[PDB]
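Novice: As a preliminary step, the opening chains of the complex are given here in situ:
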Amino acid sequence: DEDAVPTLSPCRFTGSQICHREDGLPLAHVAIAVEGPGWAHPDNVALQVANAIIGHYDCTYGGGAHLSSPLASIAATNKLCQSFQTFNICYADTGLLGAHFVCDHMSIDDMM
Amino acid sequence: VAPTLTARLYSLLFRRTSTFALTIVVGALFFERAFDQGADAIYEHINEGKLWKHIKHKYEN
Amino acid sequence: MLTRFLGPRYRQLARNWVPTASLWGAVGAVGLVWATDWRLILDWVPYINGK
Amino acid sequence: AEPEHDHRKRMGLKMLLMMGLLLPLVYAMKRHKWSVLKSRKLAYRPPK
């Protein structure tokens, strides 16, 4: 124990963009996030609710137009993607809160 | 006070595009006064006796 | 034909957009006040009555 | 020939003092939005 155990440093969030463009691949993956509060925070519960409301989609989902989620509904009706998923990844004192999706090259905008 | 004030501005006035617009509109009225004052008074001071606003006292009533 | 729009959700959602809509008329009038120099109103405002 | 003379020079001062605020601020507004593009770093990563 006694010698040179350190605690974790806090991690700076940038917010920033990384675009690795490869038209040889047949579909686009985007993953967007704002900064999360992380493990401890009471706000996780409430964010997870809001996330749940947006939810997730997949082209194998049963019954499309009538989904509760307005994202997932429009996604399915207008064939705007193949998949999405909301998320809230937690770390100590920080985390990534957003969604990731997958779609055709002419969907990336509308999906966004 | 001298750092955490751009902050205080942003929370109260700049977050909401309403209060943003309200700030620019409320802020513009106060600016139009202070500018047409100051600048007219700058324009006064650079002539000082060329203009009928200064002559006025000469030919009375 | 607007019967559609009368239910719990709609009143929640109006109640949501009320402080905003309040402020948008504040923006719009005070702008019209300033742009016309409405005289009648502006006399009330200290500093700005420049006469 | 030109009774507007002193009125136009008065507006001119304002025009000069106004431009003197706006030009740096409109510049600061552009410089901002292009800052994304001005600092973007490219990397090319082909196979072999």
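Specialist: That came through fine. Numbers count the residues shown, from 1 in each chain, chains lettered A, B, ... in the order given.

Novice: can you pull out the helices in chain B?
Specialist: With DSSP state H, the ranges of helices along chain B come out as B:6-9, B:17-45, B:52-55.

Novice: among those, which is nearest chain D?
Specialist: Across the helices of chain B, the minimum distance to chain D, taken as Cβ to the nearest Cβ, is reached by helix B:17-45, at 5.3 Å. (Each C-beta comes from the backbone N, C-alpha and C, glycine too.)

Novice: Would you mind giving the helices of chain B as CSV with mean neighbour count and distance to residue A:37 added?
Specialist: Shown next, in CSV, are those (neighbours: other Cβ atoms under 10 Å in any protein chain shown; distance: least, Cβ to Cβ, whole Å):
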stretch, mean neighbour count, distance to residue A:37
helix B:6-9, 10, 19
helix B:17-45, 14, 25
helix B:52-55, 10, 63
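
Novice: and residue A:64, which of the ones you listed is closest to it?
Specialist: With Cβ to Cβ, the closest approach to residue A:64 among the helices of chain B belongs to helix B:17-45: 34.4 Å.

Novice: which helices and strands sit right next to the closest one?
Specialist: helix C:18-36, helix D:5-33 (3 or more Cβ pairs under 8 Å, 6 or more residues apart in numbering or on different chains; DSSP states H and E).

Novice: So for the shortest one, what gets flagged as buried?
Specialist: Which is helix C:18-36. C:23, C:26, C:27, C:30, C:31, C:33, C:34 (16 or more other Cβ atoms under 10 Å in any protein chain shown).

Novice: go on, the longest one?
Specialist: For helix D:5-33, the neighbour count (16+ other Cβ under 10 Å) marks D:10, D:14 as buried.

Novice: same structure, new chain, call it chain E:
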Amino acid sequence: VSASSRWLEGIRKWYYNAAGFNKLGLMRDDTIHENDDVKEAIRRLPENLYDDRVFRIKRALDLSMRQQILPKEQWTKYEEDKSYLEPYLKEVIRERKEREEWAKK
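Specialist: Just below you will find chain E, in place on the chains above:
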């Protein structure tokens, strides 16, 4: 073999440096006007040359945007400059001129 053809070469190397596409990592064949003959020869380029070409131009337009230039180290040496398009372009024009003679009879 020659003092003088080394001079026409020195004139050519001058104009090359002077043109200054090199300065933005470009090659002479990056700079060519796209007409139909050119457009097709880009079509005909193999995967790598195409991918290398798009990167060169992408890097250059980026510099051109930020009004900058490469380190002198990173410029394109006149000797190191490959006319990767030349043979394709020539083959295209060659094919076109055939079609053009046939159209005459």
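
Novice: try what packs on helix B:17-45 again now we have chain E.
Specialist: Partner elements for helix B:17-45 (3+ Cβ pairs under 8 Å, 6+ apart): helix C:18-36, helix D:5-33.

Novice: near chain B, anything from the first one?
Specialist: Yes. With Cβ under 8 Å from any Cβ of the partner chain as the threshold, helix C:18-36 lies in contact with chain B, specifically through C:20, C:23, C:24, C:26, C:27, C:30, C:31, C:33, C:34.

Novice: Restricting to C-alpha, output that helix in CSV.
Specialist: C-alpha atoms of helix C:18-36 as CSV (Å, rounded to 0.1, in the frame of the first residue of the first chain):
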residue,chain,number,x,y,z
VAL,C,18,-45.6,30.0,-22.1
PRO,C,19,-42.6,31.8,-20.5
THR,C,20,-41.0,31.8,-24.0
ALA,C,21,-44.1,33.3,-25.7
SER,C,22,-44.4,35.9,-22.9
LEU,C,23,-40.8,37.1,-23.6
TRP,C,24,-41.3,37.1,-27.4
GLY,C,25,-44.0,39.8,-27.1
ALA,C,26,-41.6,41.7,-24.8
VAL,C,27,-39.0,41.5,-27.6
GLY,C,28,-41.6,42.5,-30.3
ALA,C,29,-43.2,45.5,-28.6
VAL,C,30,-40.1,47.1,-27.1
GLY,C,31,-38.6,46.8,-30.6
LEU,C,32,-41.7,48.6,-32.0
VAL,C,33,-41.4,51.1,-29.2
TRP,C,34,-37.7,51.8,-30.0
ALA,C,35,-38.2,51.7,-33.8
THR,C,36,-41.1,54.2,-33.9
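
Novice: Dump the C-alpha coordinates for the helix or strand just after it into CSV.
Specialist: The first helix or strand that comes after helix C:18-36 along the chain, using DSSP states H and E, is helix C:39-42. Extracted C-alpha coordinates of helix C:39-42, given in CSV (Å, rounded to 0.1, in the frame of the first residue of the first chain):
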residue,chain,number,x,y,z
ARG,C,39,-43.2,59.1,-27.4
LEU,C,40,-46.3,58.0,-25.3
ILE,C,41,-44.4,55.0,-23.7
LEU,C,42,-40.8,56.3,-23.7
